[PDB]
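Residue numbers (PDB author numbering), protein chains in the order written: chain Z, 2 to 49; chain N, 2 to 115; chain D, 2 to 216; chain L, 3 to 122; chain I, 1 to 122.
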Amino acid sequence: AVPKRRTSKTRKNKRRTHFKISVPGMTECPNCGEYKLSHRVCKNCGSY
Amino acid sequence: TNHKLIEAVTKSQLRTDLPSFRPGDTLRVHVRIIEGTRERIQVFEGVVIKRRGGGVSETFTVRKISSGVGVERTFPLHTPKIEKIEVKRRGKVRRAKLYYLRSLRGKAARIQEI
Amino acid sequence: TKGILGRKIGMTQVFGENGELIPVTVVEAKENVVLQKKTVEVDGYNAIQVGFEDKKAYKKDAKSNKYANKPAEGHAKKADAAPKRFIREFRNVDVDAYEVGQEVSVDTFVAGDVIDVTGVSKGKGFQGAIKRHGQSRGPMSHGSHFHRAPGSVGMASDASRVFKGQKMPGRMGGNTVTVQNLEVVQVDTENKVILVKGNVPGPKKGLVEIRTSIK
Amino acid sequence: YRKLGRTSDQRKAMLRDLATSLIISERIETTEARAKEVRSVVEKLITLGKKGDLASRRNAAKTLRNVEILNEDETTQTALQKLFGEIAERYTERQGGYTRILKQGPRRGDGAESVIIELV
Amino acid sequence: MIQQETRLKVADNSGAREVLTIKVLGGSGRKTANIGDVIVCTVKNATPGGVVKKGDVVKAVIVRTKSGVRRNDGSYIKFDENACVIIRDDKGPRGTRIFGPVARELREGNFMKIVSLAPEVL
RNA sequence: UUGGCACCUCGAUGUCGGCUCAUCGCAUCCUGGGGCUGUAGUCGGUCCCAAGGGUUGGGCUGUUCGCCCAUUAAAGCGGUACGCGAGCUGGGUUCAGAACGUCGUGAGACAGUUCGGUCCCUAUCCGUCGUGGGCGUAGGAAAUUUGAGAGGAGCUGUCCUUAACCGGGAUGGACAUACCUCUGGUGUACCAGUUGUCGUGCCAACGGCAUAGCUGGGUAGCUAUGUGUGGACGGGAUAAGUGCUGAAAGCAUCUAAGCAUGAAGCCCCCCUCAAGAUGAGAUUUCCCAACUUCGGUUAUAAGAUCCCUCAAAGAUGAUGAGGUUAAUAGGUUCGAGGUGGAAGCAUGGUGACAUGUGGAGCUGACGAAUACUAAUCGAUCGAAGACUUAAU
Ligand SMILES: [Zn+2]
């Protein structure tokens with residue numbers, strides 16, 4: 002129900018090994034040389 | 002269709018000699034029996050109370066009264082132990098399942114005709 | 002002796018003579034062939050390998066299992082066969098009676114045969130102790146605060162721990178199961194179906210393995 | 003069938019509003035869960051319109067709402083009149099379809115996934 | 001499906017009108033009984049006269065369960081009420097009349113005197 | 001068990017009974033095997049080997065015990081903080097109220113009863129039930145596998161025959177497991193009947209709200225009380241035993257050397273998991289160049305992935321069906337199953353209503369067809385195989 006010891010910095014940075022985020026799909030647009038998400042519309046002269 | 006290969010395998014067992022009836026009708030089923038020595042047929046006459054299913058899995062339930070005690074009997078429609086079915090009357094109802102007749106007796110439990 | 006692969010399509014009933022009723026499973030055992038033989042001198046054990054369902058041919062830019070790939074397109078081309086979906090063990094079959102390239106036909110089984118059917122059972126999800134195992138509920142009134150919980154998971158100071166095998170909640174469902182001593186009710190060679198008496202593991206469109214029983 | 007986080011009484015009323023908004027605006031931005039669900043509601047109504055008779059105009063009124071459309075130069079129209087008159091003549095040779103979903107990014111205040119629904 | 005504490009109607013003329021199930025015979029830990037099975041019961045309601053009196057602890061055979069029996073043909077038979085017949089340990093009845101219909105499952109039990117005294121056996 | 005001692009714990013180691021879930025011992029309650037009997041048979045009495053599995057529902061009492069009722073092959077005895085309150089309950093017992101008998105001058109009390117009466121905690125670590133990612137397994141991949149090791153399962157009534165043993169049959173009880181064809185349950189985007197009230201201007205048709213307003217049915221899926229299957233037949237080595245040949249001991253003796261026989265138990269046989277089994281195994285398939293400063297390096301190959309349409313899979317992730325050279329979902333078309341005769345119209349009736357057109361009309365998940373809409377264009381990862389020795 003409550004922690005018996007504190008958590009060391011070593012054990013805290015290992016648990017956070019997998020707490021990260023990945024970049025999006027983000028391909029280049031053919032109409033404008035740009036970047037857009039895959040399968041979404043372009044936010045710059047919206048084409049698809 | 003239900004599924005090919007199921008209508009194609011169970012097709013040789015669909016009977017093609019029974020009449021066509023409805024819930025509310027009266028039937029006289031000639032079921033066959035094997036007691037200790039021989040084969041005999043025993044008639045069972047009552048109201049059809051429900052038909053459910055489709056294909057070889059179809060069934061129906063007829064209801065009678067014996068000595069004040071109700072006895073409902075259920076058959077697989079294409080069973081090879083029914084010798085013949087005969088439609089005595091054709092009553093007039095408003096539902097597909099006559100389950101309300103279970104709580105009725107006498108003049109309260111009468112089905113019309115035509 | 003007498004293996005075959007097939008797919009479960011569903012249950013029905015038939016009427017045997019004497020007017021019995023027989024629940025039945027319909028299996029679709031179409032396009033089996035022999036893909037390879039394993040011998041004691043090369044592999045250490047005898048068996049034959051069988052592939053069940055026909056798969057489309059190799060194409061570049063294929064983005065799914067619908068098409069064979071170059072490693073599998075070639076293995077099924079040592080024997081002269083099209084690519085197969087499923088490919089299995091058959092170890093209790095005498096290998097000398099088969100040739101690589103044969104077509105294991107549904108007629109190998111005859112009505113009256115005792116068989117074992119293997120398949121992966123359905124799959125249920127995360128389940129609790131009451132559904133997953135067969136455990137009792139607590140009282141549903143009388144002050145109770147114990148309804149679907151597992152019991153006590155251990156004892157006390159002696160064995161200050163849980164033993165391996167406690168029956169807690171977790172993923173229930175899809176395992177490998179044999180049912181033994183089932184029966185062949187009828188073989189239909191024009192459609193290539195086996196009518197098995199009873200029921201078998203898994204979902205519809207799932208893979209099953211029929212073998213003659215071990216007794 | 004999705005359930006969309008509502009109760010079956012609120013989920014029904016929310017699609018009768020989504021459907022009557024496609025009939026009027028021809029194009030709306032929703033979320034992508036309400037778009038996949040409401041395409042089925044508005045396409046089953048287009049076939050009632052292009053079916054034509056009176057008994058199918060009686061079954062379209064069980065779903066559409068009582069809204070008036072202001073045409074050009076004050077010629078008002080009911081959303082059930084616009085569906086059986088005008089949306090039922092341009093879709094008279096198409097066999098299914100009628101509608102188009104287009105994805106956009108996540109919106110800002112929650113990362114819900116924006117979408118546009120058109121009529122094709 | 002009869003279990004302990006189930007009340008049946010008596011379908012002979014032995015003096016009893018209602019019984020209470022005390023135990024279903026058979027095996028150890030056995031939970032329910034059906035047509036053709038033998039229960040131990042007690043008389044809860046009798047008729048003035050007759051051999052069986054209120055409070056007796058008797059044995060009975062089950063006839064006419066309200067959730068009936070399934071046959072090998074895929075046939076079924078259900079009844080409107082549960083009943084039983086007080087028997088004598090040689091499997092013969094204690095009365096001499098039997099009321100109402102009766103199921104054909106009583107032949108495998110070898111209750112030939114109950115099936116023959118009864119109006120139509122179904 | 002009742003105790004002796006007072007060594008651990010007073011800045012807290014939570015009682016009795018019951019519930020849930022077990023786990024071990026054997027000094028064995030049943031089932032298996034035997035010796036002796038004062039064992040004729042059927043039943044026994046006693047002692048030995050044996051822990052594989054099994055070992056019940058109620059009445060009375062807070063009870064534990066105990067006594068009864070009805071069953072069973074049997075109703076074993078003990079340990080585990082007299083197992084288990086960060087799993088549950090709170091009936092007994094020793095909180096504040098009140099009363100009876102009793103004791104006390106009294107305040108009060110029990111050498112005794114009676115009625116009432118507050119059980120907190122969001123899991124940090126080991127533990128254990130599931131499910132992923134990284135690296136390794138001397139090139140990179142895709143499949144199929146051996147099985148070192150591990151976990152399951154193990155129960156036994158009655159009847160027929162032989163006619164009490166040993167032999168043969170047929171059917172049950174209780175437990176396991178898989179499944180939805182059958183009998184049933186549920187089925188909140190399925191069909192129908194109906195009440196009050198506010199609406200769509202009115203009539204007729206309909207919509208909101210009233211537990212899904214209420215009521216009668218019910219498809220798929222999920223389900224037991226439903227439907228199927230299982231513990232079969234057997235091998236190896238032994239226990240208590242029963243022996244054969246045979247001496248130490250010119251005889252005898254199952255034992256010392258030899259040789260058999262012998263149990264529900266032991267090791268297999270059956271069923272699942274299993275190369276992180278760092279000892280990392282095995283089969284048959286696929287791919288295999290340019291550049292150096294000769295150290296090595298790049299991108300690419302075969303293969304995957306991102307992203308998207310999904311379900312037979314699912315907390316997520318993983319697993320599976322597919323991505324235009326396309327049936328993966330939706331729509332559309334035709335069906336299965338479910339409901340049980342729509343609307344409009346006409347006729348009959350004074351009217352509520354009835355009949356016909358017409359097994360009508362609707363219909364979510366189930367079976368087939370059909371590119372009409374969406375699975376567009378793209379992007380990331382991913383090999384060129386170390387040195388020793390021995391044979392070719
Ligand atoms: Zn652009």
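Even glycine gets a Cβ: it sits at the ideal position worked out from N, Cα and C.
query                                                                                                                                                                           : result
Across which residues does DSSP place D/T177 in a beta bridge pair?                                                                                                             : D/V121
Could you name the residues, in chain order, whose CB is less than 6 Å away from a heavy atom belonging to ligand 2?                                                            : Summarising the ligand content, the structure contains ligand 1 and does not contain ligand 2.
So N/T75 and N/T62 are supposed to be a Cβ contact under 8 Å. How far apart are they, rounded?                                                                                  : 5 Å
Beta strand (DSSP E) containing N/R90: first to last residue?                                                                                                                   : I83 to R91
For chain I, check one thing: does any of its Cβ atoms lie closer than 9 Å to the Cβ of D/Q103?                                                                                 : no
Rounding to the nearest angstrom, what Cα-Cα distance links D/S65 and Z/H40 in this structure?                                                                                  : 19 Å
By the three-class DSSP mapping on this structure, what secondary structure does D/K9 have?                                                                                     : strand
Quick one: any contact between the stretch 24-33 of chain D and the stretch 135-155 of chain D, if contact means 3 or more CB pairs under 8 Å?                                  : no
Beta strand (DSSP E) containing N/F76: first to last residue?                                                                                                                   : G71 to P77
Label L/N73 either buried or exposed according to how many other C-beta atoms from any shown protein chain fall within 10 Å of its C-beta, with 16 as the threshold for buried. : exposed
Taking Cβ-Cβ distances shorter than 9 Å, what residues in chain I pair up with N/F76?                                                                                           : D73, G74, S75 and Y76
Taking L/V122 as the reference, which of L/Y3, L/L24 and L/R18 has the closest Cα?                                                                                              : L/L24
Please report the distance separating the alpha-carbon of D/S161 from that of D/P151.                                                                                           : 19 Å
Give the DSSP bridge partners of L/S116, in chain order.                                                                                                                        : L/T33
When we look at the beta-carbon of L/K52 and count the other beta-carbons within 10 Å, is it buried (16 or more) or exposed?                                                    : buried
Tell me which residues share the same chain as D/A73 and place their Cβ nearer than 7 Å to its Cβ, disregarding the 5 neighbours each side in the sequence.                     : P84
Anything in chain N within Cβ reach of D/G11, meaning under 8 Å, just list it in chain order.                                                                                   : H4 and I7
Does any residue of chain D bring its CB to less than 9 Å from the CB of N/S68?                                                                                                 : no
Compare the beta carbon distance of I/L122 and N/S67 with 9 Å and say whether it is the shorter of the two.                                                                     : yes
How many angstroms separate the CA atom of N/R39 from the CA atom of D/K216?                                                                                                    : 38 Å
For a contact defined as C-beta to C-beta under 8 Å, what are the partners of N/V57 on chain D?                                                                                 : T13, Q14, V15 and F16
Within its chain, find whatever has a CB closer than 7 Å to the CB of N/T2; leave out the 5 residues flanking it on each side and keep chain order.                             : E8
Closer than 9 Å, CB to CB, is D/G45 near chain I or not?                                                                                                                        : no
So, do the stretch 91-105 of chain N and the stretch 7-21 of chain N have three or more beta carbon pairs nearer to each other than 8 Å?                                        : no
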